[PDB]
Amino acid sequence: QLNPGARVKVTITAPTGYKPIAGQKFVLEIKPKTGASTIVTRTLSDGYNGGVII
Amino acid sequence: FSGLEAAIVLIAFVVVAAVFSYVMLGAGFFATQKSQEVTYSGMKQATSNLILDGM
């Protein structure tokens, strides 16, 4: 659990077919129970040996 | 003129009163119990709403 005004490091592993590669956009919809649902779309620059997604 | 016969009627006035009283209560409870149902359904009508969540 998260008390309000706190954070946690979430770690996602994409399923076998869905692992995105450089230049491929992915979307992640975060759906807390009882709350507004976010979405964060990114596209890996074609580049990106890894690390921060700008 | 004797109140003996007045008694005979006084029964009848009382009896139809009690029967009306009897039914009006029954009519009344149902009125109430109906009035309750529409209310319960009334709140259930609004609060039973369902929603599309996110994209």
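Definitions and limits used
Residues numbered from 1 in each chain as written, not as in the entry; some residues may be left out. Chains lettered and ligands numbered in written order. Part of a larger assembly, values for the part shown. Heavy atoms only, no water. Patch = residues over 30% accessible without salt bridge, like charges linked within 9 Å, V, L, I, M, F, W, Y side chains within 5 Å. Areas by Shrake-Rupley, 256 points an atom, 1.4 Å probe, with all protein chains shown as cover. Salt bridge = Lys/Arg side-chain N within 4 Å of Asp/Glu carboxyl O. Buried < 20%, exposed > 50% of the residue type's maximum accessible area, 1.4 Å probe, protein only. Helix = DSSP H or I, 4+ residues; strand = E, 2+ residues; numbered from the N terminus. Expected span 1.5 Å × (residues − 1). Polar contact = N/O pair within 3.5 Å; in protein donor to acceptor, adjacent residues only side chain to side chain. UniProt positions renumbered as here; feature names shortened; annotations may be inferred.

- The record lists cryo-EM as the method behind this PDB entry and 3.4 Å as its resolution.

### Points about a nonpolar patch on the surface
No. 1: Where nonpolar side chains cluster on the molecular surface, the patch consists of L4(B), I8(B), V9(B), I11(B), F13(B), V15(B), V19(B), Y22(B) and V23(B) and spans about 920 Å² of accessible area.
No. 2: When its relative accessible area of 54% is taken as the criterion, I8(B) is described as exposed.

### Quick notes on helix α1 (residues 3-47) of chain B
No. 1: Here α1(B) contains 45 residues, and its C-alpha end-to-end distance of 63 Å stays within 8% of the 66 Å for a straight helix at 1.5 Å per residue.
No. 2: Regarding α1(B), its N-cap is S2(B), as a side-chain oxygen of that residue lies 3.1 Å from the backbone nitrogen of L4(B) further along.

### Considerations on the environment of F20(B)
No. 1: Counting through the fold element by element, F20(B) comes out in helix α1.
No. 2: In the structure, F20(B) is positioned 30 residues away from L50(B) in sequence and 46 Å away in space, judged by C-alpha atoms.

### Brief notes about the UniProt feature "transmembrane region" (unreviewed entry) in chain B
No. 1: The UniProt record annotates "transmembrane region" (unreviewed entry) at residues 6-31 of chain B.
No. 2: As annotated, residues 6-31 of chain B comprises 100% helix and 0% strand, and the C-alpha atoms at either end are separated by 36 Å.

### Concerning unusual backbone geometry
Residue and element names in this part refer to chain A.
No. 1: In this structure, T34 is a non-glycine residue whose phi angle is positive, near 55°.
No. 2: On the secondary structure map, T34 appears in the loop between β1 (25-28) and β2 (40-43).
No. 3: Judged by its relative accessible area of 76%, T34 is exposed.
No. 4: The phi angle at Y48 is positive, at roughly 65°, despite the residue not being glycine.
No. 5: Classification of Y48 by relative accessible area gives partly exposed; the value is 27%.

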